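Participant: First residue of the sequence shown? That's 1 in the entry's author numbering, and the numbers climb one at a time after it.
No residue lacks a Cβ here, since even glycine has one placed at the ideal position from N, Cα and C.
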Amino acid sequence: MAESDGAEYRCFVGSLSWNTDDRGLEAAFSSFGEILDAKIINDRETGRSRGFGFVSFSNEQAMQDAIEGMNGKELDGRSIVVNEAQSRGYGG
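Structure representation (structure tokens):
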């Protein structure tokens, strides 16, 4: 099977803060399957969080059973949103 930038299991995770990082969303998603990455983004000059990033899985079943359950859950004291991040990442 072809794992490409068009055909990977990568999705967006919003909730994060000046207290939360990629480790904290990885620890909420690691219970579904084996993680490839998580990203947390801020302006490192300004000290200002975007408060989101991406999470990615080694398997599709883990991504889809997560997303269908994840809508409106609470991580690190904040309410979350989930959607796919493949086409916005590919830019096509």
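I think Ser4 touches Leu36, with their Cβ atoms under 8 angstroms apart; what is that distance to the nearest whole Å?
Facilitator: Incorrect: roughly 14 angstroms between the Cβ atoms, too far for contact.
Participant: Check the C-beta distance from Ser58 over to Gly33 and give it rounded, since I have them as a contact under 8 angstroms.
Facilitator: Confirmed, about 6 angstroms.
Participant: Determine the closest residue to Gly77 out of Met1, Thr20, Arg88 and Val13, with distance taken between C-alpha atoms.
Facilitator: The option with the nearest alpha carbon to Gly77 is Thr20.
Participant: Under the rule that 16 or more other beta-carbon atoms within 10 Å means buried, what is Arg48, buried or exposed?
Facilitator: Label assigned to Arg48: exposed.
Participant: Can you name, in chain order, every residue of its own chain whose Cβ lies under 7 angstroms from the Cβ of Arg50, other than the five neighbours on each side?
Facilitator: Excluding sequence neighbours, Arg50 sits near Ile41 and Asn42.
Participant: Out of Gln61, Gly91, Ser17 and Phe54, state which residue places its alpha-carbon closest to the alpha-carbon of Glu26.
Facilitator: Among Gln61, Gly91, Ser17 and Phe54, the Cα nearest to that of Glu26 is on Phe54.
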